[PDB]
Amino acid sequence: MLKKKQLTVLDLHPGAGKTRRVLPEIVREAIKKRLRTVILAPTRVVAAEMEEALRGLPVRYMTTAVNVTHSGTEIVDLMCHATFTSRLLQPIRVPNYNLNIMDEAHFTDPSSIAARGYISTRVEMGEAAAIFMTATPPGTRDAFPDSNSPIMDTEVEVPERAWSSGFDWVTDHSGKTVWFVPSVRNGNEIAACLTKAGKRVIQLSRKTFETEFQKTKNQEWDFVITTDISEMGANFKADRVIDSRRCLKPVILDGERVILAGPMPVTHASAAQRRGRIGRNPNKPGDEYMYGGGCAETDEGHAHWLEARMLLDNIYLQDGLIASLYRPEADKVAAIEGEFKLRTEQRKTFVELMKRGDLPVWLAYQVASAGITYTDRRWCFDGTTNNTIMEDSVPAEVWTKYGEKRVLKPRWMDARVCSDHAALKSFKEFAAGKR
């Protein structure tokens, strides 16, 4: 498993012990063989759970998720998937790891897809070994995998809006429920409906994840309302999962704008991960999984795979060679390897727009490829009238860095910069020259 040119997919069922049992065994064997090793966690929450499983072993934590005492002689590094991809893109030296271990290797965020591409290409080249740990590898068609204890699976209509009647089963429950919603906005309406009925609700999303997830451990709750981010190793002490079976899909229209299409069906892998939150305790059988729709391969044509290609085109591998996507997910995008390769100065702008600007990959690429410099925000105001960003059904307005009030109307429109209140507030700060 640890030999050069080998890529292993450890596909044990959810809760089988990949992180708490198998990962430390692998790390001990890698240290015995003096293999320079990287361990990739999807989120800071998973990184903290990994430190608990690896405690005592000499691991260098390159994350603020944990607070440990290092010796300086560690040959095993632990960081998030995004940090690995960010460091590859930046003019920072990244060691050429002998062993590459990716936990929750099903993560479909662009930086995770790019990390799999870079790693698998190095393995194909005969330069490294890799282990991708996931219950749902790319291409899985089983939404109902094995579990530690039996699960009651029920197809039922699940609310996507506030309700006044017809869903008594939702509130008549006395346990703890994890409910997967298609978006932050949809979660706000369901959470408000449950709060008015006397329930204690915690909401989770990408931006608020580490902070709000702590509340699931620090206080008593009845419902957790979450987006797809909780498919990546987030663990709960719950007895039911309510799953809309829906997600939003970023889609590039006419190569010129990004829209959030849907809500549409989740993939079989996402459905199995959502369901996999329960049935984890062998002593507590009969955890419930209520699902409100079917599965479909909605990852085909999804912007994240095109965005992973933009990132891989700008990562040095060897001379002019460019890393390919991991083979089981390489057909999700019709992109040409190297088509997004930028020249030195535009590449630096592209990286800064993502790292400091916090812009989506696609949008960062349009601005950098147009030859615009990082601090030049004229593009946020000179787009076509149909690119006007709306706030409360009226054009959103910002004071520019020049002191002038202007309508927010970006030259390139990406729906992710204004999908919720928090996102639009961050984009207005960017358009104003505040970061």
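Residue numbers here begin at 1 and follow the sequence given.
Enquirer: What stretch has the higher average Cα B-factor here, 204-212 or 173-181?
Expert: Stretch with the greater average CA B-factor: 204-212.
Enquirer: If you average the CA temperature factors as listed in the entry, which stretch comes out higher, 370-378 or 66-74?
Expert: Mean CA B-factor is higher for 66-74.
Enquirer: Quick one: which of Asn98, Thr83, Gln219, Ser149 shows the highest Cα temperature factor in the PDB entry?
Expert: If I rank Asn98, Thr83, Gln219, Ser149 by C-alpha B-factor, first place goes to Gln219.
Enquirer: Choose from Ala129, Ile336, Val361, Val224 the residue with the greatest Cα B-factor as stated in the PDB record.
Expert: It is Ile336.
Enquirer: Thinking about Cα B factors across the chain, which third does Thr400 belong to?
Expert: For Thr400, whose C-alpha B-factor we compare with every modelled residue in the chain, the answer is the middle third.
Enquirer: Place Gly255 in the lowest, middle or highest third of its chain's C-alpha B-factors, as listed in the PDB entry.
Expert: Within its chain, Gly255 is a highest-third residue by C-alpha B-factor, going by the deposited values.
Enquirer: Which third, lowest, middle or highest, does the CA B-factor of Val22 fall in along this chain?
Expert: According to the entry, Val22 has a C-alpha B-factor in the chain's highest third.
Enquirer: What third of its chain, lowest, middle or highest, does the C-alpha temperature factor of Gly292 fall into?
Expert: According to the entry, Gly292 has a C-alpha B-factor in the chain's lowest third.
Enquirer: How does the C-alpha B factor of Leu57 compare with the rest of the chain: lowest, middle or highest third?
Expert: Tercile = highest for this residue's CA B-factor.
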